[PDB]
Amino acid sequence: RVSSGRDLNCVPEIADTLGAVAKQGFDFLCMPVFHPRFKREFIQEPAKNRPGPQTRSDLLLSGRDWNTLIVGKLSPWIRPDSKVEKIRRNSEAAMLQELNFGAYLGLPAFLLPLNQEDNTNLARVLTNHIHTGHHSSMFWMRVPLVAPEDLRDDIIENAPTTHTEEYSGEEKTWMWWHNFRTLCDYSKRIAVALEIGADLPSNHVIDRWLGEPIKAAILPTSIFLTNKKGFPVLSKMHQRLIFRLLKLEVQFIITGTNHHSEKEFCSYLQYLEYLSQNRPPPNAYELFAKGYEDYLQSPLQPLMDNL
Amino acid sequence: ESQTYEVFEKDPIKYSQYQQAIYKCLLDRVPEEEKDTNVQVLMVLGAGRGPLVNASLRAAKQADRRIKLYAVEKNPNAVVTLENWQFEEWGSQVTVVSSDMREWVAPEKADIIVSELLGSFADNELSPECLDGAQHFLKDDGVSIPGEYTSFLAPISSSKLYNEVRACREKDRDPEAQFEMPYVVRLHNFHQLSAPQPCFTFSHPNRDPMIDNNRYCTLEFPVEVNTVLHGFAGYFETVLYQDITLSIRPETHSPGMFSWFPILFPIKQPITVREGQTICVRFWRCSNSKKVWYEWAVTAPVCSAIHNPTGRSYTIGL
Amino acid sequence: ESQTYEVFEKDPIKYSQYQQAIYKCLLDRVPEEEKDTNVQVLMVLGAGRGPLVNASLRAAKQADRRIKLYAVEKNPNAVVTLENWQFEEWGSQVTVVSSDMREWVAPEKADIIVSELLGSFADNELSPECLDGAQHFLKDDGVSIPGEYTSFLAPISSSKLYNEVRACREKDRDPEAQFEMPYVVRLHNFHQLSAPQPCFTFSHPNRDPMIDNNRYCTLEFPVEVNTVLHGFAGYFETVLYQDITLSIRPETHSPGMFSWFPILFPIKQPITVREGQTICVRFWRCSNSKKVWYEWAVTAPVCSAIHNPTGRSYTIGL
Amino acid sequence: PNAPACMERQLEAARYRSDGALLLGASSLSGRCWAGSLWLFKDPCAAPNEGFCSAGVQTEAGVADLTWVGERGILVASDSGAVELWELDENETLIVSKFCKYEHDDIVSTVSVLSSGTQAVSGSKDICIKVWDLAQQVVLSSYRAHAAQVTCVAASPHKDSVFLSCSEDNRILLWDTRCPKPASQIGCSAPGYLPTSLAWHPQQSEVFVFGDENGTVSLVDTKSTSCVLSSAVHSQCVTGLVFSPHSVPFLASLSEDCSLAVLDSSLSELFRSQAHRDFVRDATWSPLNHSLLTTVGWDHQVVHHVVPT
Ligand SMILES: Nc1ncnc2c1ncn2[C@@H]1O[C@H](C[C@@H](N)CC[C@H](N)C(=O)O)[C@@H](O)[C@H]1O
Ligand SMILES: Nc1ncnc2c1ncn2[C@@H]1O[C@H](C[C@@H](N)CC[C@H](N)C(=O)O)[C@@H](O)[C@H]1O
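Rules used throughout
- Residues numbered from 1 in each chain as written, not as in the entry; some residues may be left out.
- Chains lettered and ligands numbered in written order.
- Part of a larger assembly, values for the part shown.
- Heavy atoms only, no water.
- Salt bridge = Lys/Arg side-chain N within 4 Å of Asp/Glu carboxyl O.
- Helix = DSSP H or I, 4+ residues; strand = E, 2+ residues; numbered from the N terminus.
- Buried < 20%, exposed > 50% of the residue type's maximum accessible area, 1.4 Å probe, protein only.
- Pairing = 2+ DSSP bridges.
- Contact = heavy atoms within 4.5 Å.
- Polar contact = N/O pair within 3.5 Å; in protein donor to acceptor, adjacent residues only side chain to side chain.
- Near = heavy atom within 4 Å.
- Nonpolar A, V, L, I, M, F, W, Y, C, P; charged D, E, K, R; others polar.
- Buried area = accessible area lost by both parts, 1.4 Å probe.
- Areas by Shrake-Rupley, 256 points an atom, 1.4 Å probe, with all protein chains shown as cover.
- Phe/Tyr/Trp six-rings, centres within 6.5 Å; stacked < 30°, edge-to-face > 60°.

A.B. asks: So what's going on with the pattern of salt bridges? Which residues, and what values?
C.D. replies: Inspection of the entire model under this criterion finds 72 salt bridges over all chains. For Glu92 of chain A, the salt bridge identified is with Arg124 of chain A, shortest N-O distance 3.8 Å. Of this pair, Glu92 of chain A sits in helix α3 (residues 85-105) while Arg124 of chain A sits in helix α4 (residues 120-130), placing them 32 residues apart in sequence. With relative accessibility at 15%, the residue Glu92 of chain A sits in the buried group. By relative accessible area, which is 9% here, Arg124 of chain A ends up buried. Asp154 of chain A is the partner of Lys181 of chain D in a salt bridge, and the nearest nitrogen-oxygen pair spans 3.9 Å. One end of the pair, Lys181 of chain D, is in the loop between β15 (172-176) and β16 (183-185); the other, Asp154 of chain A, is in the loop between β5 (138-144) and α5 (172-183), on a second chain. A network of salt bridges, in which partner residues are shared, links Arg37 and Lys39 of chain A together with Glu12, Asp79, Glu256 and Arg281 of chain D.

A.B. asks: Lay out the sheet that holds strand β15 (residues 291-300) of chain B with the relevant residues and their values.
C.D. replies: Residue and element names in this part refer to chain B. Taken together, the four strands give an open sheet; going across it, the order is β10-β14-β15-β16, and neighbouring strands pair in antiparallel fashion. This sheet does not close on itself; its edge strands, each paired only once, are β10 (215-222) and β16 (316-317). Sheet analysis places strand β14 (residues 278-287) next to β15, joined by eight bridges and oriented antiparallel. Bridging across to β15, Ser287 finds its partner in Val292.

A.B. asks: Can you tell me about the environment of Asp64 of chain B, naming the residues and giving the values?
C.D. replies: All names here are of chain B. With respect to the element layout, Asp64 can be found in the loop between α3 (51-63) and β2 (66-73). Filtering out sequence-adjacent residues up to four positions away, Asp64 remains in contact with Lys35 and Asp36. Among the polar contacts listed, one links the side chain of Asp64 to the side chain of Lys35, at a separation of 3.2 Å.

A.B. asks: Kindly report on the site of ligand 2, identifying the contributing residues and their values.
C.D. replies: Residue and element names in this part refer to chain C. Close contacts around ligand 2 come from 18 residues, with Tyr5, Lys14, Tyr15, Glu73 and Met101 the closest. At 2.9 Å, a side-chain N or O of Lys14 approaches an oxygen atom of ligand 2. Here an oxygen atom of ligand 2 sits 2.7 Å away from a polar atom, N or O, in the side chain of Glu73. Taken together, the residues of the shell around ligand 2 break down into eight nonpolar, four polar and six charged.

A.B. asks: Run through the interface of chain B and chain A, naming residues and quoting values.
C.D. replies: At the junction of the two partners, chain B supplies 14 residues and chain A supplies 16 residues. Note on chain B versus chain A: buried area summed over both sides is about 1200 Å², and carbon and sulfur give 54% of it. Considering only the side of chain B, the residues that lose the most area to chain A are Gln3, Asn77 and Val80 of chain B, jointly responsible for 41% of the buried surface there. At the junction of chain B with chain A, the criterion picks out one salt bridge. For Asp58 of chain A, the salt bridge is made with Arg49 of chain B, and the minimal N-O distance between the two is 2.8 Å. Connecting chain B to chain A are eight residue pairs in polar contact.

A.B. asks: Any details on the site of ligand 1? Residues and values, ideally.
C.D. replies: Residues and elements named next belong to chain B. Around ligand 1 there are 18 residues in total, and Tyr5, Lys14, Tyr15, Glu73 and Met101 lie nearest to it. In the environment of ligand 1, an oxygen atom lies 2.6 Å from a nitrogen or oxygen atom belonging to the side chain of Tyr5. In the model, an oxygen atom of ligand 1 is placed 2.9 Å from a nitrogen or oxygen of the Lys14 side chain. Contact with the protein chains removes 91% of the 580 Å² of surface that ligand 1 exposes when unbound. Residue assignment for the shell around ligand 1 shows that the elements contributing at least two residues are α1 (2-8), α2 (12-29) and α3. Within the shell around ligand 1, the residues separate by chemical class into eight nonpolar, four polar and six charged.

A.B. asks: Can you lay out the packing of aromatic side chains for me, pointing to particular residues and giving the numbers?
C.D. replies: Residue and element names in this part refer to chain B. Under the defined criterion, the tally for this structure stands at 52 aromatic pairs over all chains. Ring geometry for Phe121 versus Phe283: centroids 6.2 Å apart, planes at 50°, classification tilted. Residue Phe121 is found in the loop between β4 (110-114) and α5 (127-134), and its partner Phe283 is found in strand β14; the two are separated by 162 residues along the sequence. You'll find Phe121 and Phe283 in the same group, each marked buried. By the ring-pair criterion, three or more aromatic residues cluster together here, those being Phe121, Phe200, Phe221, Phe232, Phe265, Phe283, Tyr294 and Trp296.

A.B. asks: How would you sum up the interface of chain A and chain D? Please name residues and give values.
C.D. replies: Listed per partner, the contact involves 48 residues of chain A and 55 residues of chain D. Summing both partners gives a buried area of about 4100 Å² for chain A against chain D, and 53% of it is carried by carbon and sulfur. There are six salt bridges connecting chain A and chain D. Top contributing element to the side of chain A that touches chain D by residue count: α3 of chain A, with three residues. When the residues that make up the side of chain A that touches chain D are grouped by side-chain class, the tally is 21 nonpolar, 14 polar and 13 charged.

Rendered as structure tokens:
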């Protein structure tokens, strides 16, 4: 079947964007709930007294569409762990304003990015939001397999990429996730949205994500190769990981622009659906155990109790 | 949430009643000679997503009178709905105010203040406190819609509901906390043991020097059957304007109005009642700096413990 | 209670320091030429049973200056002690005010505001909020005594205290609530793992447009020994006036001053620390409409959970 | 006037061409529709009135940045991830789309035209820097040197293979397309506050100014004594830095604190304007009267300042 979603940071008109995305075959849309560039001031005059609606109306979609088709995204300027106090304070207020608006809309999930080592204040703001009312909506933490600092081109002459194998260092993004969830005291509402890079890390790095609550896998269009016919495809190494992720039954997210411009955008999803269709079948045990995955039970006592 | 406002808006009976009450009040404030010469300052206090703003506009057009609207809303999320409605449809006629009605510094005084801050037990959403704060910016001769509300109580027998309440015991809290708090519930499998009697009444505006929203009420319920008392069902009635009312009291229930289900005040221990005996209950509306709450006790045929003392199990945040 | 005030008054070092600070400030506001020609408005905010009122009078007599005293006290019980002292000894020179310093409408503006609203972790009795409210009735050139305070923290090892905290598990509440709250304790059987570092600082008067008493502080504690982290000991330091200070920080501890014991911020799970490793802790001072609270977490060598999120286990009532 | 009926509230860019005509960029950063527009005002005093423009066009997404390309070209950094080229018609009454190439995987945040005027450099939130061939309508080079969002790209005034870039990864990079490893990290003495704006000196070939997230403006010489000279100009982040057309140039600095500052050669303040009620987004000096300076803000104000030279 495979559950799929489209990631965008540009939604000029919400109605047609959703419509166009649905027409491509996608089950949901990851989009900003406030304009990603619309930086807001909460303390200083005259900018704090900016008028007009702060974002688009909830009336633009049906309650069911908000609840089932939209995954919210935190604004890229919201930096709760900034070393600048003024930025930190506006970002706390903005994070709450955005997370509260998502709650108002009844959004099923909301995306937050783990793009650096220190996300302590981001963790604090999110734990205070979790402990303010109900416990429905999911929080998808956007964390890459390989840190952006470790996948940059070796094009800076006076700052070369480290050619020393750092076993623990290649696993830095897991510790960013681990620290955050440890701080938020293992909240069941906090999961992983794992971002796949152009070059897959060493197997050990991939294996670290075993046992972790992966609810989404983010596939950029830029990681796709081009086959003879000019269609987007993946390396055999990338395919292997997709098959492992399909055993976890994750939701797949396609991010980025069309890099195969001569073809329709849906070709990226068509490929994904093909890998989903061409996966090994469930054996007698895998068929029987279906529905019992990580379901805890009391061990049976046929001596003390009559079965 | 947006979905909670969407379900309030699904009740047409409520807003058609509000529109009618505003229309009737407009004709009593502006006579046909002053028709389009005098403009009435109307303030919707707790405007939500704006259905009351639209009701006030439909009323001014049907009455053929001039109105200047203010839409006061504390919820910033609902303010986004309001500010988008304002810009797209309402225009300069409607001024959207993102403020708590108690904190708001008004530019003008109001002729009419329109609000829907009522719970299933009328005052349990703290309509009195909210409207008392906002009272200062109403003109001396000013009208509040609603003008009055009254809560009602009746003793009930229901072993199913007693079992349901019991099942609300939670870890990390008093093992009997569940009995010291009201529940909004569509009462089905129950028995009313006596007729509903008025409990607490509030009137707006509150023209008295020492304004006190605290109350103590004693209710005597004649019982003509042998039975077991499991709690008290709560309802309300309100006067929007003159004969324009809204009621959830079963005997006078507004037809087709599903905006409020009844409330249930449980009792920790079931009380046996014999035919000819009177059930006597005492209810208190209490408050401090930061919270408001109810306390209750049964004194006849036997005593119960005072339920929710100091709001230890249930409070309404100010 | 009366006995709590009686034990505060048993510390002479504290009031002799306050008297000295008032005396020194009086000489800096009134020069010898204006000696008995200019009368200084002095307001004791949170006057208690009046020892600060007597300290202000002893200071004005020793400085040979003229003062008009106001004794502001919210506690009505303490007001009885005050009003009896006023009538019997103080006279018209002292005006007893039964009010919250934040709510009080002052007849005159103050030259000096004297207060003792400090806890073991300085600001934990909400001295900042209280003095911010009262700030409006202080003259532009006005002095606040104390002018400044700073809280301090240091990591501690103590298996006895960890066991003591654990033993505070109570029925009807989160089974780990006891670890998410500070304790005033005369620390005996413990080990300080690193030197105290300043945590939060407040200054009075608060001359800034957007006044924010919220804080976030990161502290890095170099550890030169192998050990187990069980919590954090908290102390404070204050500047009453110029070089006149009061301190519970061990290295600078005011001699013979027993008015404050240290505070202890526990951690739910003990953290192993190796020699040469740094302990990194984060503390937050938070607040809403009605409450103020602390939140804390250890991020190095390993992470802890954020302790007391949203003040779920411990709050300070506004 | 053959253009959109209404121009979006959030003005992002203001740029004067040789003759004195004003180019404007706007986005709707709120409400139902999040789109943008491009406007030409031969009478800059009539701006932002839509009925008094020379030309006007609606773009599909928002305008994060724009730049003039000669005298009739308009290069646009779009929210869509596209770099757009627009061209004024023969009469200069219509703004027509030449190309719209969607090459970036996120919002195109910054754009600068190289010395030749036949090549352009784009920066994005997608962390890439792209070198474009404007005539061939293609990407010549794609560089992933940064580790975070690319805030600013500033092409060298006379060296066509040289440009500056700054990012949220705290790097200020000096580029020279001639080298095999084209980027070089210019060390701002230690870590510090993130760089938010860049401006090449119009006379001194190896000199540039840069603004940070904390409101400090710093003056850098590519080949000097390691450390520079600075001034705490703003209370909030320095959004932009623009040099005057004068022989001895003055520097205009604009911030999120809603103020404009005009500084001298040694970074000392000469002018300050608090005319804007919201964020100051762009600044452009009149080519005709060098004592004039136009600023645009999110408050929808086109303010013409009389700078005391
Ligand atoms: N003190 C207050 N200040 C401002 N708005 C308030 C206050 N108390 C409650 N409200 C708002 O009043 C509304 C009450 C609603 N249940 C009714 C909304 C609307 N009248 C409707 O029928 O849909 C909510 O939107 C509250 O946020
Ligand atoms: N906002 C407030 N308004 C008035 N008094 C206050 C306020 N907050 C605290 N207080 C009083 O301040 C006093 C603080 C005492 N610990 C000190 C009393 C006295 N200074 C002494 O050293 O004995 C108490 O009597 C409190 O009731």
